[PDB]
Structures are given as structure tokens and as C-alpha cells.
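Student: My questions will all concern the structure given below.
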Amino acid sequence: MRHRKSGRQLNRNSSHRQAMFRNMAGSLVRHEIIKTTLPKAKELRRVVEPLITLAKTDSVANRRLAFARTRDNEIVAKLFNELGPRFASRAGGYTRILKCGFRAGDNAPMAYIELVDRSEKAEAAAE
Amino acid sequence: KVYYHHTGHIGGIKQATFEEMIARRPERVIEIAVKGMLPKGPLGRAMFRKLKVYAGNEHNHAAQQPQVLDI
Amino acid sequence: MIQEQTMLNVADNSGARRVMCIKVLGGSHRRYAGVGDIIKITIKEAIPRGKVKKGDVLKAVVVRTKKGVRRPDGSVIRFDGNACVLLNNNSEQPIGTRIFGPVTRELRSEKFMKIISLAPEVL
Amino acid sequence: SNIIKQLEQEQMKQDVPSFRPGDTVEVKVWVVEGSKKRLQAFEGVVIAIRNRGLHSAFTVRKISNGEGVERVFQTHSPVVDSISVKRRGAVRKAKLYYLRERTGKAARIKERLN
Amino acid sequence: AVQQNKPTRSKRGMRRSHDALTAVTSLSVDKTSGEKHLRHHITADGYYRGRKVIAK
Amino acid sequence: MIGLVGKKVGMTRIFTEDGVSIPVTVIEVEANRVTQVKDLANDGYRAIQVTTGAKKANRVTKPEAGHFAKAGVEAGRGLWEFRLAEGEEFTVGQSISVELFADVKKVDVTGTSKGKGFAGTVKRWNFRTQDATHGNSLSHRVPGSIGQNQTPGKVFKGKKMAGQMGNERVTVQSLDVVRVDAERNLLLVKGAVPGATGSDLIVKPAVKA
RNA sequence: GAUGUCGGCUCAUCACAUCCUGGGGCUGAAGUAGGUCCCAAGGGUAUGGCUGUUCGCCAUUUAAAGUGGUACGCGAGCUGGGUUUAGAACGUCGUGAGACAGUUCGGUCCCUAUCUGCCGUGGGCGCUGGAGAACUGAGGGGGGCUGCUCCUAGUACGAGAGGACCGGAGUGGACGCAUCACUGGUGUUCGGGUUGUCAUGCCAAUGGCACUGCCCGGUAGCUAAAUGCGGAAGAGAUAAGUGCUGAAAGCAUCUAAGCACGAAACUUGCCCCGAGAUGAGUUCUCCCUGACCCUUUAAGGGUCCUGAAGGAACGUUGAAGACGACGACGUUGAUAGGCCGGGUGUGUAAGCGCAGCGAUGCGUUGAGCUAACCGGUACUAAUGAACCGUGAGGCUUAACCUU
RNA sequence: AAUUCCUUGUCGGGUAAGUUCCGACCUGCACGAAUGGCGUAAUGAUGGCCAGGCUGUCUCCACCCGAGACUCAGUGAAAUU
RNA sequence: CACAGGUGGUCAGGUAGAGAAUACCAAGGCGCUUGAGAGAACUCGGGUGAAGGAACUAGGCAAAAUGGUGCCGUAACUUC
RNA sequence: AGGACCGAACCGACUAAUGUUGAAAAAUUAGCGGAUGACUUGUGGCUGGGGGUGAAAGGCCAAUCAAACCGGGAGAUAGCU
RNA sequence: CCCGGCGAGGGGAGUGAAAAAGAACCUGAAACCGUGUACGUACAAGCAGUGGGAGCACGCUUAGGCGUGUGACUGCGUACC
């Protein structure tokens, strides 16, 4: 049915959806490139782009917020100092999902996630 | 002659007036009168597919030049 | 009332404490009431100098609904409880001379010239 | 077209007094009745946020005396006569629901000051 | 439930006829290269619209 | 006489002078742009083909495109046609809009049906929910038996069971027009229009006496 | 070698010997009303208690509380409660074991749908070249009920009290359908508050987790407990029935010839799916007007050249939905996420200044943060290729092309 | 009457109500003093009746989350015949 | 059967709390192996409710509801 | 002191939801009672089938009980299918 | 010697009388699942059999209206113990 709706709940309870998204985004800011399922990859896109939005300008509350949604120290140092001025000049679409194919372990439809200006990348293998 | 049938709905036996058979699909008085003279299911479908009546006196086998027949 | 049975509060000086709805009025093959419905009450208590006594069967009207009440602009007056003033069982208008608790502003008509114009509260 | 949810903003009136939750106010209205036009008032505390485009209303709770009553007066209603702001009281909530059963000295909040 | 009789082997085959694996309608190649594709997804060399994907 | 293909666009509780409010549904009126206006000059056929609307229609097929190209040239939304009465129609630049509703008190309303997903078992037919207790066999909700016994030995036709809607029309018939309002182009109808919001409709003047 | 029982709900279905509106005779029927009374399956046809339970008794609704069948509808649905009740024990009887159509206490039904039906849905083929678009009606169902009072109408008629229908009318009740603004409901995709431990090096502050931790508000959607509302004017063929004109029977007579009238049923009108209607439909809109080798040739087989219109896979995904199909639509693109203006939410964002006995509050901040809906923005991802589809497409009478 | 062939006894009470429950009567089933009687506090995962707390079991149903169904991938039974 | 079954002895850290109730947690064990997706019926688990308050059913009944400590105030019956 | 109590650990399972081609030898989740005792209970031992042993259900006696298991009688017998 | 992860399984090359004896190897049914051909299945129905039979492949038909196999279609028609 699902009429006049949007967006996604995927595979579990709010705490798991929050915890998984923290895991997956915490891993994004350090690894630059990830792969996940297409519904999941969209929720990842939708989590990270508002964190970048807070980070365009320095502002102690917008730094506090960024530390509240993803409470890891590696992302808040990367945000604002490195990653703030980089995406400063766009207003939405700081990242793109590239529809890479199906999942090898079963078949769940998958996307690679890749920053908008990302051109430097590891050439090392993935499984 | 009120053509009793029970297609699948609603309380009552069902029917259609004698006037329906002439006012609407005007062939139908002769058609479901010769119908009952043909054998069981399939063969009676194979015999039937040769008869046509139309609405009446506007017939369209002009080019075939039809053999007239008196009863 | 809304279910079969349904006890509610007494709203007039005719009896005392609580009273039990026996039927909804103002139709049949009804399980549920609207807001503007006329209720049927039996008295399970009464007061010795009231208009009535225990186990007399009467007609009545709603003066509060805990669900809330509406008609002219569709905006509700929503109350803290269900409440009923008894009518006369055949000749209409309330039986009691006093109201107890709040009232609506939808009862403001020729046929209630006694019961919404009183002073004790919520005028 | 572009009208969907837009028609709520178009209808919405602009000559409407400013507000915060717990603001007390007074709705004056008519009784209308059988042969006579007379007026009448209600004062108390507003228990709820308004702003519903055209459907915007003052949701007063009286809760002064007696048992609790909430009254909803629609702002756009032609039989609404006059609106004074009066006192501007505090709650630090969108809603005042915990004061429903208490009617004794509950609708008389203070000016909030600096 | 159960069944009446052991059913004929033509039945078992009609019952599977819509559930059979369906044709791919040919394949893709790149509009701008001689590299092979996977249709409207990205190859092992990142090829669809360049960049890079899938460095395994 | 024909219908107006509308759009479901708005719903409003609107005030009137008398201290009474009317829930109403708001249909934006577009003008009919004719295609060819087909008449019974040719065969036994009588209906007038209308496009009330437009789309970007960058992906459409050539049999659909030449159809708008001979019409009112508006890359049309789609093709609707209507049976008609009271003589043949004025065939060019005809532009049927708010005037159709100037004397019409009550309308039929021909929907695009209702788009409620599955609709289906128990809900669509508003049946009871079985007891949720008592250790009822692998069963907390069931619709009820669809036949009787061997004596008929079947399930009769037209029973309320399962399925999706199939999105046909659904006509309420003879619900009131409150008002028509020109130059702003608002047709206020008092009852509901079928489907969710943003849907297309036909609102055609009533058939019924 | 299993055709297996009672009562009720949900869900039903069929017979009319009709509960009621409706049309009509008689009346010891003035009119009214009732007594008597025929046609009629079309439609509506109430609830709580005690008991295993229909029926009962009692309280109660409405204008109203129907008639009959269905493995005495429906345990590969439900209560399996009673009925067998093994155990116990009351009451009862016999030396006793054990019993009771007297009784009291709790205590068990199992089957994933093969063929078959039903409802919803796709796949394969065919309507004579192909493709896409609207669409007509052969056919077959939906809706069909029924109170109230105003007028009609205080009038015919009657001693007097009194005194009706059709039609217009608003409105209730049942029934049916849509719907989400209004009023509630929920809203693990939005905001806030808060207990505890564990954590951000540590605190001020803040965060993982505890059923969505607990708790209060909540958009859009969806939804009834809320919302709008048909239930129809008119037509034919009639029924019972009033006749006229008239015979069987010089006449008389509702009838037989003849002609006016006479019900919601029935043929319809109002609603909807519908050309596989093989007797295969019209009408609109697009496009393809090359060649040889061989055989049973209205033709088929095989090949070079070569395939439009269109389609499908695939793709993001929807105001469409199990899957599909349907639909927007793939840079020609607002499809979807970000992001910006706007709908509608919440309750004053971290830091800092300041007051205070500290918790904490207050000015910066009517703050900040914000989901589905609506419009923008190409910021971003949908190579947008190849492929299936082909070169104008039957015989034969009549009509036409020098025919 | 946890007992009554008749019988759902009669009447009062509770009650929207009362075949059950409780009290009184005899027009007394086959009641009746160790398969004991009258009567009682404590005690029970112990029965019936009542109104109130409270609750989606229901009136009357709506929506959310998740594993199955269902979608995609893997492996792959059974009652029966 | 790596069966949500059954099974004796010993040792004993934290906040609130009566404690070894019970939410979490220090050392430690350890992911009871299909997954992801659909915001379909429905089945099972898990969550909520306007107004009523078992009215559903032979039958309150697992969800939901009682529950702790300090203090006032405290019934008919009692072998206290 | 206590054949007392609310209650884990420890043991049971009155009732309720579910399960019933379950994960299950009625287990699970929630209400619930024994645990300061006629409780919970480890080790070693014993009585042998109309026989044992029973605070009683004609209970339990090697995943089992109103008739255990095996080896001979045995090709019981069948008036019967 | 070919294929594949070092795998499993098969083939080629080469052995023997024989692998249509390839290591579970004796020749080898029937159930069993699948290929290839003919001809059939979209005016189309029930014990699937009997009777009538267009059509179509093969048999120099020895052409003398046939044989073989299939078979649109359809008259008639109720398994065995």
C-alpha cells in the first residue's frame, strides 16, 4: 500500500538502525569508499549529508550536534577542519551512490558509495 | 417463454421477457429456439457457427449472390 | 450509550451520585451514539427530596461527553467526564431545576430556556 | 499544480494577535438565540498551540472552578466578537495537560518578565 | 492438506511453466568502449560513467 | 452532456456568514482542448475526444504525439473521450470550463477508484476480527466461510473475498455542488473525490434525476 | 476398513406459503380506521442478562422484532462449552463392584491447498502487415428499504367527534460507497524531558544501552469512534382489479375479438466490468513501398542486404501495487536523496555573559532543530548501446481502377 | 441446598438483567446427626455473585515494528498415493 | 540432534533497592549461524489507544493493571 | 523454637497467552505457590510384574504403564474376518 | 593432454578380446528423469477406451484405395478387486 510516503526502516528496531548507521558512517569518514545494499546506501547518504551541512562553517553548537548524532572523535576532527571547507561550496549533493551490482554472498542489490569529488582511492581488494 | 437462467448472483430464479428478445439483439428469438435442436456441447457449437440472422433486413452477403429458399 | 450498559454521572438535583444508561435513543440497530443523541437512563441511587427515585425508568439528554461534543463549526467542547440531565419521559425539557458541572453552548435553544441560563457554574 | 498544502497558507489570516503557550486571553462570542442578539465571554488559560491555516482556533481551558471544561473557539468564525491578549504566562511546554483536574487557582498565570 | 491420487507427470510440468527461468534479452556493451558490461551496473574496471568502482 | 476531467488538489473546512462551517473538496478546473471532435457523420459512433491537460511528455510514442499535434498542441497529459447529448458539439476552440457547472446543482463524480494497496481480506469488506484469545487454531483473524456444503458443492459468484481494487471508477452519484467560482477556477464540491490527494478525476454533471 | 452430533458468532446462500412500503376487491366499509383480502423475492429486518443451548423469563430498542431449507449451513474457521467426563464428590441405590438422560469443580481437536471452486493477478495465442491510443454494447451484476411531520386536505363523507392517497418537501433510521479537512486514533522515518550504569582523558555539557529503555507532545499518510451521501423523474409489458363495447347464452357479463387504465417485482431508466461478439467491431494516431536459391507453392523453407513505428529486459522509482501489470521516467530527465522557499511539529540548541547560598534560572535565542506533502535546484546517480520487431502485407462473387 | 422427580419452585435482593448466586417458606425429592451434623477464626495458585481500579478480549477497529508468508539468494522436507 | 528440556559441590566487585528481586555493569563468558528486502493480507513475537470497562467467551486474561520505603489514619469478624 | 510467611539463588507448574507436520519428554513468556522444612537433595544400596512400592491416581516400576522386557511353550486358539 | 581452488566429475591420448569389461567395473529389465524425431495441443471438455477419420512421415503401396506410426475432429460409451 504505502501511499504518499517516503524513506525506510530496513531490517530492525530504532536502536539497531541508529547503531548500524553509526558503525557504517563512522567507517565512511575514515575509509572514503564503502559498499552496501541499495535501500541501506540511501539511508547512509541521507545520514551523512546533514553532518556535512553543520560542518561548512565553524560553530561550537554545530560541532556539539555533530558529536551528538555520531559520538566518535575521528569524525568531528575530520569534519569542520578538513572536511568543512571542502564541501562548503555546494548546497546538497556532497556524495553520490554508484549502483555497483548484486551481492556476492547472496544477491541483495548493492551500491558502492563514493564522495562527490573522490578521485584518490585505495586499489587494494574487497570481499 | 421467459428463458430461465442462474448465472451466479442473487436470490430468485432469473428470467428475461419475451419483449427483450425482440427489442434487443433482435435475432435472439430464432437463435435460442434452433440452439436446443443441436447435439450436447461441442458438436452443436461446430454445427452452429454456420448460422447468421443480423438485426434484420440489412443483410451483408450481397456480393456472394445468395440462393433464395422457400418454406 | 457507546457500549451496552455504561454507568455515568448524575447532572441534576433529581437524584444522587451515579446513574446507569440502559439504551441509546434516537434510533435502532445502533451500537454507537453520535454527540447530539438522546439517552435512556435508569436511576441506581436517587435523593429523598429530588424529582425521582431508584429504579424509575426515564428519558434523558447528554450535557457532557468525555469524548467531546460538536455541531455548528465542527469545534469541540471536550469535558472531564460523561454526564446526563434527565428529561420528562414523554413531555420533554429537563426534569431537574439545577445543573451540576459544565454545560455545552450547543443546547442554546427555545426547548432548553430553563437549563443553560442558570447561574451555578459554567454560564 | 502547486496548490496542494499551499491553499492552507492562502486562506490563513494575518491580523491575528501574537501568542505563546500559557497565554490567558478572553474569547467574546454571541449566544445567537431565538429572537434576541446578546453577547457573552470566556476567560481562562489556553492549553494548546494553534496555527492550522484556516482551521486555526483558540483552545481555551477554563479550569477555574467546578470540573474541567475545554472550549475550542474558531478564530475565523463570524460569531466571534473580540480578542484581548491579556497576561503572558509560562510553562516551558507546548501543552498544559497536567492542570486538567486542578481547577483551583490554575488559570491565573503571571506575566513572565525578563 | 493431502492429495487424492499420485498425479500424472504432464501436470508437474504445466505447474512449473511460469516459474521457469526467463530470458535475459541479450547483453550490454559500453556506449564508448570495447570493455564488456554488466547491464546498467558498474564493471570491475569502474566502467559505466568512468571514475572507479569494485577494486577487488 | 460530457464531463470535466479535474484534479484533486485541496480540502478545506470553509466558514459561511451564518456561523456554520462546511467541509468541502476543491477541484481545479482546466479547459478542454479538443483533438478532432469525432461525430456520427462517420459510422454509428458518437463521442467527443478531449484533453484537459499537459505533461513534459518527452518519452511518449509517436501515435500519442501526432494525436496532440492535430489537437490544441499542449503535449497532452493523456486522451479522455465522452458521450454527449442535445445535438453535435461546436467542434473548434470550444474550451469547456467553469461554465459547465453554472446551472448544475448536483454532480455524479466519476473517480479513478481509490488506490488503497492490497485492501483485501477482512479490511476492504469491514468484517469482524476473530477472538485474539481461547487458543483458536493458528488464527487471531479470519473472514468467514465462503460456501455451505456438498448439496451446492461450490462457492457462489459475487462473494466479498480478498483481492486488490483493480482501480475501476466508483461513482457516488448525486452529491451537491456547493458553489462554482470563476476566474479563480475553483469548483467546490461538498462530498469527497475518490483516491488519495494529488489524484486525477472526472467530475461530470449528474445523470440521475 | 468412519456419510461425525447440539446452540451461538463471523461469513453466508437459496424457496416465498411476505414482518413492512406498495397496487386492488369485498365489508355487517359513509370517511377514517379496522374486519375480510389478492398480487409481489425487489430492499431494510435490534440489544444485555442468567443457562452448554435454540426456546424461556426479565429489562430494553424501533414503524418493525418475519416464514422455510442448507452432513438440520459453516470443528482441512471459531467456543469445543454441553453431550461420553475417565478423577472427585453431592443427591440416590445395592452385602458389593458400579450406575444415574438428577447434580457441583477444573481439563486437550490435528491437517503447509495436489485436482476442484471463488476473488484478485500475470503468462501464451488469436481478431489477417505491424504498432500505439481512445471507445461502442451483444452480455451479466450493483443501487432498489423505511419512520416522521408540512403542504396535499378539516375537503368529499358523517349525527357529531373525526376525516385519507398521489405529488412536492425537508429530515431521521437501517443499508451502500467514497473520503481524511473537521474530530479523535496511531505515526520504532520529528522534537523534547528523564531514571541508571557504562562512555567521550576529566568536569560544566553530551552520548551507546535498558521492549521504540521509560515518559509527554507529533508531520504527512492511513483510519472510524469522524466526514459527505444516493436510495431517481420517466417509459413498456403487466398482476390482482374497475370497465367500456361485446359473444359463447337475442341478453347479461373484467374477455373470447376489440380499446382506456391498473405495484417498488419483471423489461428498464440510474451505477459498473465488457469485441474470444471466431458473426472477433468501429473510429483515431504512427510507420516499414530490397533481392536471389528451392519445393507441397492463397504458401512455406533458406540466404545476403537489412529492420521503421513500437516493444521488452534493464534503471532510479511513484499520488499505482504481493509479484507483476499500471504510471513518472534514464541527462530531452524534479524519478529519488541532498539542498533551498512554504505547509504543518516541538518548547528554548553547545559555548558565553549575568544573577544566585548552590541546584538552577535569565539576556544572547519567540531560539535551535524538523518526516513522508507541495514547488524549485541538474548538486548527484540512472553508458541510455545492443536486441525482438523488417522492406506495404490472402482467396473468391459483386462494385471500381482503359478492368 | 455445590442435595429438589416436578422445576429455570415461590417471594425479596443484587440487577438495564438473573436457569446461576444469596436469604427466607413448605405446598418437605429420597435433607438429617462419624461417606457425620449445627457453627467458626486462621489458611488455599480453591468455586459463584457484585460494583469500583484497570485493560484492544469486545463494542468497532486503526496504525507501527520484526521474524516467517511474500521479494531476491541458498539448501530442500512431509501427511499422502 | 550443537534439542529454548534435565542436572550436585565451591568462590564471591559496583549505582538505586530489602537481598544473590530486578534495568544496567566491572573481570569474564559470548553473538543460541540463514540473510537482505517488502512499510502486502495474514501467522507468530513485540508496541499503542477516543469513549466505555468484559459489555467478548463456557471462563478477566498472558499485552496492559497491583508491587518499594518513610509517615498519618484504620472496619465488620479473630483461636489475636 | 516454628510441619508460619513475601522471595530469589533452588525446585515445582494452579491459571492465562502461544505451540499443536513445536525447538519441547507442556516447553516457553507472564500472573503463581514450597525454599528458617512433612523443603530442596548429591553419593552408595535394595524389593521383580496381578510382584513390588504408593500422605490413593487401580500412581510408578530402563525416553513407556487400569497389566514391564526377553527367551521357550508357539504354527496358542478362532467357533471368526 | 583438456577443464576446475590445491577440488569433484567427465573427455581426449594410449591399454584390452571386450571399457556398449574403466575400477560401485559381470550381460541387464521395469519404476525413475531427460534428449532427438515425427505428428499433435489457442471454437477449445467427463475411466481417456471403442467405432468412423481430414491431415502428415516412411514402406518402388507391385497405385489398385493398402501397411506402419501419429492424428484435427466426432458418433457411442460408467475402472478392477
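Here the protein sequences come in this chain order: A, B, C, D, E and F. Position 76 (the first sequence) corresponds to 1439 in the working numbering; numbering is contiguous. Position 54 (the second sequence) corresponds to 432 in the working numbering; numbering is contiguous. Position 98 (the third sequence) corresponds to 960 in the working numbering; numbering is contiguous. Position 13 (the fourth sequence) corresponds to 356 in the working numbering; numbering is contiguous. Position 40 (the fifth sequence) corresponds to 160 in the working numbering; numbering is contiguous. Position 123 (the sixth sequence) corresponds to 124 in the working numbering; numbering is contiguous. Every residue gets a Cβ at the ideal spot worked out from N, C-alpha and C, and that includes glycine.
Kindly indicate which residue of F:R84, F:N33, F:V171 has the alpha-carbon position closest to the one of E75 of chain F.
Tutor: Of the listed residues, the one whose Cα sits closest to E75 of chain F is F:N33.
Student: Please name the residue in C:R880, C:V984, C:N875 whose C-alpha comes closest to that of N944 of chain C.
Tutor: Minimum Cα distance to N944 of chain C is reached at C:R880.
Student: Where are the alpha helix (DSSP H) runs, 4 residues long or more, that stay fully inside the segment 1416–1489 of chain A, in chain order?
Tutor: Runs of the alpha helix (DSSP H) inside the segment 1416–1489 of chain A: 1423–1432, 1436–1440, 1446–1450.
Student: Over what stretch of residues does the beta strand (DSSP E) that includes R880 of chain C continue unbroken?
Tutor: That run of the beta strand (DSSP E) goes 880–886.
Student: Can you name the residues that DSSP bridges to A384 of chain D?
Tutor: DSSP lists D:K371 as partners of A384 of chain D.
Student: Taking only the alpha-carbon atoms, compute the straight-line gap between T111 of chain F and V25 of chain F and give it to the nearest angstrom.
Tutor: In a straight line, the C-alpha of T111 of chain F is about 17 angstroms away from that of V25 of chain F.
Student: Tell me whether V144 of chain E is buried or exposed, calling it buried when 16 or more other Cβ atoms sit within 10 Å of its Cβ.
Tutor: Exposed: under 16 other Cβ atoms inside 10 Å.
Student: Where does the unbroken alpha helix (DSSP H) through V407 of chain B begin, and where does it stop?
Tutor: Element bounds for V407 of chain B: 406–412.
Student: Determine the burial state of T53 of chain F: buried for a count of at least 16 other Cβ atoms within 10 Å of its Cβ, exposed for fewer.
Tutor: Buried, by the Cβ-count rule.
Student: If I'm right that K158 of chain F touches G148 of chain F with Cβ under 8 angstroms, what's the distance once you round it to whole angstroms?
Tutor: Actually they are not in contact, since the Cβ atoms of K158 of chain F and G148 of chain F sit about 12 angstroms apart, beyond 8 angstroms.
Student: Quick one, which residues of the segment 951–969 of chain C are near chain D if we go by CB-CB under 8 angstroms, in chain order?
Tutor: Of all residues in the segment 951–969 of chain C, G963, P964, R967 have a Cβ within less than 8 angstroms of some Cβ in chain D.
Student: Rounded to whole angstroms, what is the Cα-Cα separation between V919 of chain C and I901 of chain C?
Tutor: C-alpha separation (whole angstroms): 11 angstroms.
Student: Flag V21 of chain F as yes if its beta-carbon sits less than 7 angstroms from any beta-carbon of chain C, otherwise no.
Tutor: With 7 angstroms as the cut-off, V21 of chain F counts as an interface residue toward chain C.
Student: Should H384 of chain B go down as buried or exposed, given a rule of 16 or more other Cβ atoms within 10 Å for buried?
Tutor: Exposed, by the Cβ-count rule.
Student: Starting from the C-beta of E1412 of chain A, find all residues in its chain whose C-beta is less than 8 angstroms away, skip the five residues before and the five after it, and write them out in chain order.
Tutor: If we look at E1412 of chain A and ignore the five residues flanking it on each side, its Cβ neighbours are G1455, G1456, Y1457, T1458.
Student: With DSSP as the reference, label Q1381 of chain A as helix, strand or coil.
Tutor: In the structure shown, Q1381 of chain A sits in a helix (DSSP, three-state: H, G or I).
Student: Is the beta carbon of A922 of chain C sitting closer than 7 angstroms to the one on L948 of chain C?
Tutor: The answer is yes: Cβ separation under 7 angstroms.
Student: To the nearest angstrom, how far is it from the Cα of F974 of chain C to the Cα of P934 of chain C?
Tutor: Distance between the alpha carbons of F974 of chain C and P934 of chain C: 17 angstroms.
Student: With a 10 Å radius around its C-beta and 16 neighbouring C-beta atoms as the bar for buried, classify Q352 of chain D as buried or exposed.
Tutor: Label assigned to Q352 of chain D: exposed.
Student: Let me see if you follow: with CB-CB separation under 7 angstroms, is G386 of chain B close to chain F or not?
Tutor: Answer yes: the Cβ-Cβ gap between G386 of chain B and chain F drops below 7 angstroms somewhere.
Student: So, are the CB atoms of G116 of chain F and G196 of chain F less than 7 angstroms apart?
Tutor: Contact: yes.
Student: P24 of chain F lies in the beta strand (DSSP E); which residues open and close that run?
Tutor: First-last of the beta strand (DSSP E) with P24 of chain F: 22–29.
Student: Pull the bridge partners of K9 of chain F from the DSSP assignment, please.
Tutor: Paired residues: F:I28.
Student: With DSSP collapsed to three states, give me the class of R940 of chain C.
Tutor: Note: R940 of chain C maps to strand in three-state DSSP.
Student: Using a cut-off of 8 angstroms between C-beta atoms, extract the partners of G936 of chain C located in chain F.
Tutor: Within chain F, the residues near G936 of chain C are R14, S22, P24.
Student: Using 8 angstroms for Cβ pairs, my map puts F396 of chain B next to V380 of chain B. What's the rounded Cβ distance?
Tutor: Indeed, because the Cβ distance is near 7 angstroms, the residues count as touching under 8 angstroms.
Student: Would you kindly report the start and end of the unbroken beta strand (DSSP E) that includes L189 of chain F?
Tutor: Here the beta strand (DSSP E) through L189 of chain F covers 187–190.
Student: Indicate the three-state DSSP secondary structure (helix, strand or coil) for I400 of chain B in the structure shown.
Tutor: The answer is helix: DSSP assigns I400 of chain B an H, G or I state.
Student: Between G79 of chain F and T172 of chain F, what straight-line distance do the alpha-carbon atoms span, to the nearest angstrom?
Tutor: Each residue's alpha carbon lies about 21 angstroms from the other.
Student: Name the residue from F:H135, F:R14, F:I28, F:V21 whose alpha carbon lies nearest to the alpha carbon of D201 of chain F.
Tutor: Comparing Cα-Cα distances from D201 of chain F to each of F:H135, F:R14, F:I28, F:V21, the minimum goes to F:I28.
Student: Secondary structure at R129 of chain E, three-state DSSP: helix, strand or coil?
Tutor: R129 of chain E: helix per DSSP, three-state reduction.
Student: Residues of chain E with CB closer than 9 angstroms to the CB of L1478 of chain A, please, in chain order.
Tutor: Result: empty, since nearest Cβ-Cβ is about 11 angstroms, beyond 9 angstroms.
Student: Within a Cβ cutoff of 7 angstroms, which residues of the same chain sit near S148 of chain E, ignoring the five residues on either side of it in sequence?
Tutor: The answer, listed in chain order, is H157, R159.
Student: Express the C-alpha separation of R932 of chain C and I978 of chain C in angstroms, rounding to a whole number.
Tutor: If you take the alpha carbons of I978 of chain C and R932 of chain C, they lie about 16 angstroms apart.
Student: In angstroms, rounded to a whole number, what distance separates the CA positions of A1404 of chain A and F416 of chain D?
Tutor: One C-alpha to the other measures close to 48 angstroms.
Student: Note down, in chain order, all residues in the segment 154–183 of chain F with a beta-carbon under 7 angstroms from any beta-carbon belonging to chain B.
Tutor: Residues passing the 7 angstroms Cβ filter: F157, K158, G159.
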